[PDB]
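A.B. asks: Handing you a structure now.
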Amino acid sequence: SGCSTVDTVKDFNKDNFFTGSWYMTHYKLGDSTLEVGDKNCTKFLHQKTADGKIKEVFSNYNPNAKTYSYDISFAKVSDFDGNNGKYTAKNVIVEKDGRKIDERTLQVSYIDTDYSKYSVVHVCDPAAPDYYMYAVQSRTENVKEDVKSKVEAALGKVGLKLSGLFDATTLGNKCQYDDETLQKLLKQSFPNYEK
């Protein structure tokens, strides 16, 4: 019980992964049937800087409530497990302006990625294992048709199929992403979490 350990991408290229932005297209969150409050449109921006810091800023938009939530993962190259797509991050839930609301530790496991199109991840809180997430992620709002099977294989490894996940792209026509806040918080200094 607790957080599941999943095999991860071998030879993780941080520099090509932690650049630009990603969209979360499909996902499973916990064991229970998904409620409308957990049906969100998520986009995140990240960056790895020379100092070795990794930073990821999430915009989570719930079309049903027309509300945004924001969180930021902070990690350092030295939090990664060797050369695998695996690491621990301090994830902070914040307001638009970056004020801390709550914080937790996440274990992030990249099951697979080709860097330029898609990634498949497992995220889990070692202190709240009932909060686990398996997610499909894309450089575009939809996963590009020509990698749909390369993705479905990855999900295969973890006992899942794409159709077995919430398709966030059913929200699409109502999906919104707070690019302004994303850009602003990425640049913004967080001395309580940097280092």
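We label chains A, B, ... in the order they appear in the structure tokens, count residues from 1 in each chain, and number ligands from 1 in the order shown.
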If we count only C-alpha atoms, what is near range 77-86 of chain A at a cut-off of 12 Å, once residues fewer than 4 positions away on the same chain are taken out, given as number ranges by chain?

C.D. replies: A: 5-15, 17-18, 47-55, 90, 105-115, 119-124, 195

A.B. asks: With a distance cut-off of 7 Å and only C-alpha atoms, select the neighbouring residues of range 164-180 of chain A, excluding the residue or stretch itself and same-chain residues fewer than 4 positions from it, and output the selection as a list in words.

C.D. replies: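 The residues satisfying every condition are residues 25, 26, 27, 28, 40, 41, 43, 59, 61, 63, 142, 160 and 184 of chain A.
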
A.B. asks: Let's see if you can do this: from backbone DSSP, list all alpha helix (DSSP H) residues in chain A, as a list in words.

C.D. replies: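 Across chain A, those assigned alpha helix (DSSP H) are residues 14, 15, 16, 17, 148, 149, 150, 151, 152, 153, 154, 155, 156, 157, 179, 180, 181, 182, 183, 184, 185, 186 and 187 of chain A.
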
A.B. asks: So that I can check the surroundings of residue 125 in chain A, please list as an mmCIF file with C-alpha atoms, in the first residue's frame every protein, DNA and RNA residue that reaches within 10 Å of it, counting only C-alpha atoms and ignoring chain neighbours fewer than 2 positions away.

C.D. replies:
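File produced: around20.cif:
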```cif
data_model
loop_
_atom_site.group_PDB
_atom_site.id
_atom_site.type_symbol
_atom_site.label_atom_id
_atom_site.label_comp_id
_atom_site.auth_asym_id
_atom_site.auth_seq_id
_atom_site.Cartn_x
_atom_site.Cartn_y
_atom_site.Cartn_z
ATOM 1 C CA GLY A 2 0.946 3.679 -0.068
ATOM 2 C CA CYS A 3 2.679 5.062 -3.169
ATOM 3 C CA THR A 88 11.007 14.000 -5.536
ATOM 4 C CA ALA A 89 9.637 17.516 -5.521
ATOM 5 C CA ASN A 91 4.909 20.949 -4.483
ATOM 6 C CA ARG A 104 3.386 18.561 0.144
ATOM 7 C CA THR A 105 6.057 16.250 -1.170
ATOM 8 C CA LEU A 106 5.507 14.454 -4.489
ATOM 9 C CA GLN A 107 7.323 11.469 -5.953
ATOM 10 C CA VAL A 108 7.305 11.894 -9.714
ATOM 11 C CA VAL A 123 2.678 11.216 -9.297
ATOM 12 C CA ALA A 127 1.993 10.940 3.064
ATOM 13 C CA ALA A 128 -1.305 10.822 1.160
ATOM 14 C CA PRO A 129 -0.943 7.733 -1.075
ATOM 15 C CA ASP A 130 -4.673 7.833 -1.787
ATOM 16 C CA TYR A 131 -3.720 10.887 -3.812
ATOM 17 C CA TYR A 132 -1.998 9.276 -6.766
ATOM 18 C CA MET A 133 -2.177 10.370 -10.368
#
```

A.B. asks: Would you mind telling me which residue in A:100, A:117, A:157, A:187 lies nearest to residue 139 in chain A when using only C-alpha atoms?

C.D. replies: A:117
